There are 2 protein chains.
Amino acid sequence: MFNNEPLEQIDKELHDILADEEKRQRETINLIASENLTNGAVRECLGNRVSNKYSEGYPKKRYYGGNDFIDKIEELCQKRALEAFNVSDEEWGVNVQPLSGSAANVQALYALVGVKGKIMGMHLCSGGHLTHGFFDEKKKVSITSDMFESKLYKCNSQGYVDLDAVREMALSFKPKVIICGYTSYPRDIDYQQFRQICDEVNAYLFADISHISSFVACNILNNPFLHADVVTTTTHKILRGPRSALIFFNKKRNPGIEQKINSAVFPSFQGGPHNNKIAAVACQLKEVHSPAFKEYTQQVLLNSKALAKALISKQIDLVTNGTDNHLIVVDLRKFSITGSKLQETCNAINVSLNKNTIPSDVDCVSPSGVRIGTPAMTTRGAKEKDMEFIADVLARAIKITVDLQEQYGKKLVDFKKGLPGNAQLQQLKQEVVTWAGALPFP
Amino acid sequence: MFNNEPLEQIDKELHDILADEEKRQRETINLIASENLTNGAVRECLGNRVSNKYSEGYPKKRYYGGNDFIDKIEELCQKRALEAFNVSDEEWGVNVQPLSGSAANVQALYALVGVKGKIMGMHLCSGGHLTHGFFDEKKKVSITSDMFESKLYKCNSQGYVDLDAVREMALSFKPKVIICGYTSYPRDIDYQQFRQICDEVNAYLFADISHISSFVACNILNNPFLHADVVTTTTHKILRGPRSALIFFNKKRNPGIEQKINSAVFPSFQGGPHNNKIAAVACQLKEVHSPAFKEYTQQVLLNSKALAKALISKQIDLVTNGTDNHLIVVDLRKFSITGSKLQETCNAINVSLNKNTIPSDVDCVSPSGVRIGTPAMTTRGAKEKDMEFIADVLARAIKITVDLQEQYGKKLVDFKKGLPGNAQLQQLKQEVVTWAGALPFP
Ligand SMILES: *Cc1c(COP(=O)(O)O)cnc(C)c1O
Ligand SMILES: *Cc1c(COP(=O)(O)O)cnc(C)c1O
């Protein structure tokens, strides 16, 4: 007693929009540093019947029965998680149930400090995440500043973490948790010098490596697992998994932490795990451990290096003047345009990127930069030689943005009206669509 | 630069477990009242490439661009949502982003009351959900008792919501939110009477209709939308959608509540939405509003009535001596066995049900009942005539549990040793598998 008709039949209208979205994805140069494209296998798992099953609790300790094949899956996922990140059963545990990077952070932070607890994180405009305790002056924008009492540190004017300001603010504030690892940081992190600050004040060290997880896994960047009490990471983004998250916790450094994290996730916050998510994570953490994935991660970094260099060779400025990772923040002050306007121009040419603050920005409104990243295009098979074209496309986009701003004004509302119809944009778009359209697409 | 090989090939190990789980689901009489089986179309959406896309924010008001087709999906889903539950655009709003029923309740409650806010809900052992403010004498088990100040009401010894106890507790405690709608309540709810209690205290009325959502949509049970300020429902369970949740809010009764709910979800709690979830919710809500779905919901109620009746006809006691909905709680005291034990016996015979407390249980350990429901089996095509067999199977399961208990003792560990290699159970299991196995299976 159900309708078994395929999606095309059963809901034509939704099948059409979904087909368009796929075409868009396929025909776009995607530079969103936090996006990627999952393979077909991951998507078979996300659509598996395993999500019919309710599984509140943990393996061997479920509320309900019938959970034997489910337990093997969660078990496999924890196994594959701890090894991908080169840690041992006996030092580190992992929770694979958090539904999102934001959930994992909220849960992990609750487990460590509880309500009213004190936390330190990097400011949003400076490149920290919302769930790192973000607030405005007026109101607590993130639960992490309301459930918790949070203070925010900034980066210096060169766009580097001001470790000395981290110490100044910590000693005065005495947080129980200091969060590092960011949303928009083009340089690797000094986890050791964070480990020293926490130790100095008896704080937990929290590394959110969501943006760079693959570099940590692949031994290409610094290892927070030698210094952190807790590491969180999304499974999507550069890891190229489904939409989910992982909480790692150092048993050796804090016995009794395993209980605090496992019970914070459920029953404090979540209900039943989403087992399709867990299956898909398992499926990608296998891939993550294969040496072809290390190749891919290396290709990501090469492309990023090549992208930065090509942009510099076209006299475009980058925050910190380069990158150690997959992402580049462009400083646009030189051209008297906002990242705000450039996003609009690139949207108009099937190029995906987003506005981003730069150190000199006092507010988060009308920011002076854009963030770009190479994980998605690398997945699509672009190599170092392809970065010049992307850089070329971006420079042309910056130039057209300058031309349209002089013709239509600095007012963002007014700027947009210039975009539609523009022959330069249409030609550049078609250039993009023609190159993007035919690239490998999972 | 990715692996395109199918799941069977790319990860044989996971594929075999998943295949086993599909066979378990198929060969089980599944009476878990909160479970169902999604159709293929819902599962094409869960594995759609739409989940590649980051969509922080709401339609027309996203952080990033490239979001036109995503915006059309979220808008469709909210539209199909508001009509399914027969409410007008102009009186009711919905948020389709919450990832789980539990997140919806945490997010919805935070929007209404804020940290330290006062809430009232039904106790867990009485059938209220964890996210209704559950705590123990020792621990704040759910975030909803720690983040908020919560008080828990109970049902009377007949298993009915004790409205007089609700008013009492509400006047003494003055909450800002009173939650009703439950996890394990076999009867319909008097929302008008809750609405009156909330008015005398100026509290919000919160209806979590996750278990009975389809009865509300199809106009078979009472309509909470006539009285409630806020209604939450999972999209899974009886609604038979994917794993996700909805928050409905009454604009007409509460000005400026729309932004309170929309902002608590994001950016207070969640990050990007999971667009595959929103897609799938849209696809099922289309179904919900179709006349075939009302038929199904009617078959669910018919089946429950027949199962209740056939259980009574075999001298088995039911809490409230029947049901108005999809679920029955069996009282086992008459047989001197625990729900705990019966769950084990039914596990051993491919029958899924769960232990449940009854009013006379003061412990939530070693409870005296079991909860059963008809949504999953109705989906699989069982009709009223088939409930006899299921009642017959449960009666026989109770008897074997009786026999095994006095042969092995009343201690849980001792009891379980009797299950393996018991000829009666293997025979009964065989009968179950044979009947379940050939039933229609999405
Ligand atoms: C993207 C991100 C998150 C949140 O991930 P979601 O799954 O989108 O909630 C958390 N922390 C960091 C550093 C991130 O980059
Ligand atoms: C099952 C349930 C929930 C939570 O649903 P999840 O998706 O498992 O978080 C919330 N409220 C009620 C009444 C429920 O039955």
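**Student:** Explain the pairing of strand β7 (residues 177-180) of chain A to me, please; I cannot follow it from the model alone.
**Tutor:** Regular strands show a simple pattern: their side chains alternate between the two faces of the sheet. Residue and element names in this part refer to chain A. Neither face of β7 is open: one carries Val177 and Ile179, the other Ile178 and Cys180, and all of them are buried. Where β7 and strand β8 (residues 204-208) come together, 4 bridges link them in parallel fashion. Within β8, the residue paired with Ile179 across the bridge is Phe206. Once the chain exits β7 it traverses helix α8 (residues 191-201) before rejoining the sheet at β8, and the crossover so formed is right-handed.

**Student:** Looking at this structure, how should I read the sheet that holds strand β14 (residues 354-356) of chain B?
**Tutor:** Where strands meet in a sheet, backbone hydrogen bonds hold them as pairs that are either parallel or antiparallel. Residues and elements named next belong to chain B. Strands sit in the order β11-β12-β15-β14 across an open sheet of 4 strands; the sheet is antiparallel. Each edge of the open sheet carries a strand with a single partner, namely β11 (317-318) and β14. With 5 bridges connecting them, strand β12 (residues 327-331) and strand β15 (residues 369-373) associate as antiparallel partners. Note on β15: the bridge partner recorded for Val330 is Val370.

**Student:** It is not clear to me how the packing of helix α12 (residues 291-312) of chain A against helix α15 (residues 387-408) of chain A should be interpreted in this structure. Could you clarify?
**Tutor:** Working note: a packed helix pair is described by the angle between its axes plus the distance between those axes. All names here are of chain A. At a minimum axis distance of 9 Å, the contact between α12 and α15 shows a crossing angle of 45°. Taken together, the axes of α12 and α15 are oblique relative to one another. The way α12 lies across α15 gives a crossing that is right-handed. For the pair α12 and α15, the contacting residues are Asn303, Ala306, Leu307, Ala310 and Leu311 in the first and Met387, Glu388, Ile390, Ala391 and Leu394 in the second. Tallied by class, the residues present in the contact of α12 with α15 amount to 8 nonpolar, 1 polar and 1 charged.

**Student:** Teacher, can you tell me more about the domain arrangement of chain A here?
**Tutor:** Interface size is often expressed as the accessible area that is lost when the parts come together. All names here are of chain A. As assigned here, chain A comprises domain 1 (11-35 + 299-442) and domain 2 (36-298). Relative to domain 2, the C-alpha centre of domain 1 lies at a distance of 28 Å. Facing 30 residues of domain 1, the contacting portion of domain 2 comprises 32 residues. The junction of domain 1 with domain 2 conceals about 2,400 Å² of combined surface from both sides, 59% of it contributed by carbon and sulfur atoms. Our count for the contact surface shared by domain 1 and domain 2 stands at 1 salt bridge. Between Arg187 and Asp324 there is a salt bridge; the shortest N-O distance is 2.7 Å. At the level of secondary structure, the elements contributing two or more residues to the side of domain 1 that touches domain 2 comprise α12, β12 (327-331) and α14 (375-379). Among the residues making up the side of domain 1 that touches domain 2, the classes are represented as 13 nonpolar, 12 polar and 5 charged.

**Student:** Help me understand the site of ligand 1 in this model?
**Tutor:** Taken together, 17 residues surround ligand 1, and among them A:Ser100, A:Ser102, A:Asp208, A:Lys237 and B:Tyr54 come closest. More than one chain reaches ligand 1: its neighbouring residues belong to chains A and B. One nitrogen or oxygen atom from the side chain of A:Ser100 is found 2.7 Å from an oxygen atom belonging to ligand 1. Side-chain polar atom of A:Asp208 to a nitrogen atom of ligand 1: 2.6 Å apart, as the coordinates give it. Per-class residue counts for the shell around ligand 1 are 2 nonpolar, 12 polar and 3 charged.

**Student:** Just to check I follow, could you spell out unusual backbone geometry for this structure?
**Tutor:** Leave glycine aside and you will find that most residues have negative phi; peptide bonds, for their part, are mostly trans. All names here are of chain A. In this model, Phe266 is joined to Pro267 through a cis peptide bond whose omega is 10°. Topologically, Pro267 is positioned in helix α10 (residues 257-269). Unlike most non-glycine residues, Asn86 shows phi in positive territory, near 45°. By secondary structure assignment, the location of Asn86 is in the loop between α4 (68-84) and β4 (92-95). The backbone of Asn321 shows a phi angle near 60°, a positive value even though the residue is not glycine. In this structure, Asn321 sits in the loop between β11 (317-318) and β12. Here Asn321 falls in the exposed class, since its relative accessible area comes to 60%.

**Student:** Would you mind going over the UniProt feature "binding site: pyridoxal 5'-phosphate 1" (unreviewed entry) in chain A with me for this structure?
**Tutor:** Mapped onto this numbering, the UniProt entry gives "binding site: pyridoxal 5'-phosphate 1" (unreviewed entry) at A:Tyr54, A:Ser100, A:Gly101, A:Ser102, A:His129, A:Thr183, A:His211, A:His236 and A:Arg243. Spatially, the listed residues are scattered: they cover 190 residues, and their C-alpha atoms lie as much as 33.1 Å apart. Mapped onto the elements, A:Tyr54 comes out in the loop between α3 (40-46) and β2 (57-58). What A:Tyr54 contacts, discounting residues up to four positions off in sequence, is A:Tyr64, A:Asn67, A:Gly272, B:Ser34, B:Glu35, B:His236, B:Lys237 and B:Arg243. Along the polypeptide, A:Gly101 turns up in helix α5 (residues 101-113). Classification of A:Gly101 as buried rests on a relative accessible area of 11%. For A:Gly101, the contacting residues outside a window of four places in its chain are A:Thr234 and A:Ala245.

**Student:** Explain helix α13 (residues 339-347) of chain A to me, please; I cannot follow it from the model alone.
**Tutor:** Side chains that are three or four residues apart share a direction in an α-helix, a result of its 3.6 residues per turn. All names here are of chain A. The element α13 is extensively covered by neighbouring structure, given that 8 of its 9 residues are classed as buried. Every buried residue belonging to α13 is among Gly339, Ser340, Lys341, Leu342, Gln343, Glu344, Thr345 and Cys346, and all of these are buried. Structurally, α13 contributes buried residues whose contacts are with β13 (351-352), β14 (354-356), β15 (369-373), α15, α16 (412-417) and α17 (423-437).

**Student:** Explanation requested: the interface of chain A and chain B in the structure shown.
**Tutor:** Chain A puts 98 residues into the contact, and the matching count from chain B is 97 residues. Carbon and sulfur atoms make up 55% of the area that chain A and chain B hide from each other, which totals about 8,500 Å². Scanning the region where chain A abuts chain B turns up 8 salt bridges. A salt bridge links A:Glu22 to B:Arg49, with the shortest nitrogen-to-oxygen separation between them at 3.0 Å. Linking chain A with chain B are 45 residue pairs in polar contact.

**Student:** Explain the pattern of salt bridges here, please?
**Tutor:** A side chain of one charge can pair with a side chain of the opposite charge when the charged atoms of the two come close. Residues and elements named next belong to chain A. For the structure on display, the rule yields 47 salt bridges over all chains. Of the charged contacts in the structure, one is a salt bridge between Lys399 and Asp403, with a shortest N-O distance of 3.3 Å. On the criterion of helical spacing, the pair formed by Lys399 and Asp403 is a turn pair, its members being 4 residues apart in helix α15. Of the residues examined, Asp403 reaches a relative accessible area of 33% and is grouped as partly exposed.

**Student:** Looking at this structure, how should I read the packing of α4(A) against helix α2 (residues 12-26) of chain B?
**Tutor:** Contact geometry of α4(A) with α2(B) gives a least axis separation of 9 Å together with a crossing angle of 160°. Looking at the two axes, α4(A) sits roughly antiparallel to α2(B). In this structure, the crossing between α4(A) and α2(B) has a hand that is left-handed. Together, A:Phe69, A:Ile70, A:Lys72, A:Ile73, A:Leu76 and A:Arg80 of α4(A) and B:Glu13, B:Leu14, B:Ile17, B:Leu18, B:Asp20, B:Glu21 and B:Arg24 of α2(B) make up the contact between the two elements.

Conventions and cut-offs
- Residues numbered from 1 in each chain as written, not as in the entry; some residues may be left out.
- Chains lettered and ligands numbered in written order.
- Heavy atoms only, no water.
- Buried < 20%, exposed > 50% of the residue type's maximum accessible area, 1.4 Å probe, protein only.
- Helix = DSSP H or I, 4+ residues; strand = E, 2+ residues; numbered from the N terminus.
- Pairing = 2+ DSSP bridges.
- Right-handed = clockwise from strand over helix to strand, strands pointing away.
- Axes fitted to C-alpha atoms, helices over the stretch in contact; angles between N-to-C directions.
- Parallel < 35°, antiparallel > 145°, perpendicular 65-115°, else oblique.
- Left-handed = near helix turned anticlockwise from the far one by under 90°.
- Contact = heavy atoms within 4.5 Å.
- Nonpolar A, V, L, I, M, F, W, Y, C, P; charged D, E, K, R; others polar.
- Domains from an automatic or database assignment.
- Buried area = accessible area lost by both parts, 1.4 Å probe.
- Salt bridge = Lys/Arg side-chain N within 4 Å of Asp/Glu carboxyl O.
- Near = heavy atom within 4 Å.
- Polar contact = N/O pair within 3.5 Å; in protein donor to acceptor, adjacent residues only side chain to side chain.
- UniProt positions renumbered as here; feature names shortened; annotations may be inferred.

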